[PDB]
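Everything below concerns the one structure shown next.
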Amino acid sequence: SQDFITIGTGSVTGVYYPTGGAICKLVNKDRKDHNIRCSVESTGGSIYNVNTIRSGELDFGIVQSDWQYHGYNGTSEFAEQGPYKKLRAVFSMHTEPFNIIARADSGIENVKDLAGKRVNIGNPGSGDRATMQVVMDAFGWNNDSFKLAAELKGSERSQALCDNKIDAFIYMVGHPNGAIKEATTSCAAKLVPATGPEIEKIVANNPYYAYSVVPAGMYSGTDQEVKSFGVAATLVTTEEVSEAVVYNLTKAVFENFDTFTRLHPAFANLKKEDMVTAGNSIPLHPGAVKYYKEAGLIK
Ligand SMILES: N[C@@H](CCC(=O)O)C(=O)O
Ligand code: NA
Ligand code: NA
């Protein structure tokens with residue numbers, strides 16, 4: 001029996017990393033019963049997580065809902081990898097807006113203003129960069145459309161923005177998170193909206209992109225709500241992982257749901273029924289289905 005699982009997440013100042021930590025705590029507290037030990041890995045993000053589940057070095061991964069769909073189908077960012085039809089959904093979680101964090105004197109007031117600036121578009125292997133490519137397609141942009149197209153991982157973007165190495169960085173991430181808190185607090189960075197006909201087309205044409213709002217007061221300096229588009233964070237796995245393992249992880253979260261929603265402020269408004277279906281477009285792992293049917297959440 002498999003007795004040790006690893007969850008791939010993201011940069012340590014994001015939301016994926018403490019999300020993994022919360023899931024592993026709920027799994028580990030009953031390790032004397034199901035003999036499952038859970039550990040968390042900081043990684044490059046959604047794209048690395050899918051590819052590393054597939055290569056066998058991760059058992060679970062947290063993945064944006066758009067790259068759950070495209071990783072399973074082998075399309076868009078995953079086109080050269082081919083389909084991965086063993087990928088399975090477990091549950092979805094918080095919303096992740098497409099955030100733009102800019103210097104106060106950058107002149108960047110909307111997403112269209114990113115062209116011709118020094119923009120961190122994201123590290124290879126992050127959902128940040130893969131979804132930024134969707135934005136670039138809607139605008140007809142490539143890397144040369146920016147003065148500089150930097151590829152820093154999440155934990156390094158705020159320090160680069162404060163050092164005046166970039167004018168802005170993007171981040172597909174839930175709220176609040178430590179990366180954006182640092183930039184807005186310590187460097188007077190501003191959260192910039194992404195609206196206009198290009199964003200409207202992105203939302204209208206895809207079921208996994210929906211309008212998003214970050215409320216005023218989430219960060220110091222951003223005194224009005226910030227509109228954009230967002231995806232859902234989802235936990236995925238492979239059908240190679242045993243039904244018993246996925247069943248016990250799913251049960252650990254859903255049977256301790258009131259505890260889970262107290263472990264990070266991004267989980268405060270999660271709803272069990274939505275976690276089964278929302279943002280999940282590929283088959284659910286049989287172990288998760290088994291729990292959901294016991295709990296009355298399915299059929
Ligand atoms: N959605 C981001 C990660 C955000 C986070 O770390 O919370 C990515 O896939 O790269
Ligand atoms: Na949509
Ligand atoms: Na769905």
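In the structure tokens, the first chain shown is A, the next is B, and so on; residue numbers restart at 1 for each chain, and ligands run from 1 in the order shown.
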If you count only C-alpha atoms, which residues fall within 10 Å of residue 232 in chain A, apart from same-chain ones fewer than 4 positions away, as a PyMOL selection string?
chain A and resi 63-66+68+92-97+172-174+208-210+275+278-280
Within 6 Å of ligand 1, counting only C-alpha atoms and all ligand atoms, residues as a ChimeraX atom specification:
/A:10-11,14-16,45-46,63-64,126-128,172-173
Filtering to C-alpha atoms, could you give me those residues as an mmCIF file, in the first residue's frame?
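Saved result, again.cif, follows:
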```
data_model
loop_
_atom_site.group_PDB
_atom_site.id
_atom_site.type_symbol
_atom_site.label_atom_id
_atom_site.label_comp_id
_atom_site.auth_asym_id
_atom_site.auth_seq_id
_atom_site.Cartn_x
_atom_site.Cartn_y
_atom_site.Cartn_z
ATOM 1 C CA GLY A 10 3.740 26.886 -6.114
ATOM 2 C CA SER A 11 6.022 29.614 -4.820
ATOM 3 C CA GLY A 14 1.560 32.251 -2.958
ATOM 4 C CA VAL A 15 -1.667 30.543 -1.932
ATOM 5 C CA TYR A 16 -1.027 27.076 -3.413
ATOM 6 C CA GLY A 45 3.234 26.215 -10.672
ATOM 7 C CA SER A 46 0.366 24.609 -12.604
ATOM 8 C CA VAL A 63 -3.564 23.354 -10.931
ATOM 9 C CA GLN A 64 -5.605 26.221 -12.385
ATOM 10 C CA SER A 126 3.798 28.424 -13.987
ATOM 11 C CA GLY A 127 0.126 28.853 -14.737
ATOM 12 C CA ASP A 128 0.948 32.574 -14.596
ATOM 13 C CA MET A 172 -2.643 34.236 -11.244
ATOM 14 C CA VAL A 173 -3.223 33.842 -7.507
#
```
Could you list, with a cut-off of 10 Å and counting only C-alpha atoms and all ligand atoms, the residues of chain A near ligand 2, each shown with its nearest atom pair and the distance in Å rounded to one decimal, rows sorted by chain and ascending number, as CSV?
```
residue,atom,partner,partner_atom_place_in_ligand_line,distance
A:200,CA,ligand 2,1 (Na),8.8
A:201,CA,ligand 2,1 (Na),8.7
A:202,CA,ligand 2,1 (Na),7.1
A:203,CA,ligand 2,1 (Na),4.0
A:204,CA,ligand 2,1 (Na),4.7
A:205,CA,ligand 2,1 (Na),5.9
A:206,CA,ligand 2,1 (Na),4.4
A:207,CA,ligand 2,1 (Na),4.1
A:208,CA,ligand 2,1 (Na),5.6
A:209,CA,ligand 2,1 (Na),4.4
A:210,CA,ligand 2,1 (Na),4.6
A:211,CA,ligand 2,1 (Na),7.6
A:229,CA,ligand 2,1 (Na),8.8
A:230,CA,ligand 2,1 (Na),9.2
A:231,CA,ligand 2,1 (Na),9.4
```
Need the shell around residue 25 in chain A: protein/DNA/RNA residues with any atom at most 9 Å away, counting only C-alpha atoms. Skip same-chain ones fewer than 5 positions apart. Format as a ChimeraX atom specification?
/A:20,38-39
Just N, CA and C atoms for this one: save the residues we selected as an mmCIF file, in the first residue's frame.
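Everything below was put into selection00.cif:
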```cif
data_model
loop_
_atom_site.group_PDB
_atom_site.id
_atom_site.type_symbol
_atom_site.label_atom_id
_atom_site.label_comp_id
_atom_site.auth_asym_id
_atom_site.auth_seq_id
_atom_site.Cartn_x
_atom_site.Cartn_y
_atom_site.Cartn_z
ATOM 1 N N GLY A 20 -1.553 23.392 0.062
ATOM 2 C CA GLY A 20 -0.987 22.066 0.233
ATOM 3 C C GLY A 20 -0.705 21.754 1.688
ATOM 4 N N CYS A 38 1.693 12.743 4.345
ATOM 5 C CA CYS A 38 1.546 13.726 3.280
ATOM 6 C C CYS A 38 2.620 14.796 3.424
ATOM 7 N N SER A 39 3.244 15.172 2.309
ATOM 8 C CA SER A 39 4.230 16.243 2.306
ATOM 9 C C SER A 39 3.950 17.192 1.148
#
```
Would you give me, as a count of residues only, the residues in range 161-198 of chain A that DSSP reads as helix (DSSP H, G or I)?
14
For range 53-62 of chain A, find every residue with an atom within 9 Å (counting only C-alpha atoms), except residues of its own chain fewer than 2 positions away, and show them as a VMD selection string.
chain A and resid 5 to 10 16 to 17 19 to 20 41 45 to 46 48 to 51 64 84 86 to 87 233 to 238 240 to 241
Which residue of A:223, A:135, A:140, A:183 approaches residue 158 in chain A most closely, using only C-alpha atoms
A:183
Members of range 50-248 of chain A assigned strand (DSSP E or B) by DSSP, as a ChimeraX atom specification:
/A:60-64,87-102,118-120,148-150,168-172,190-192,210-214,226-238
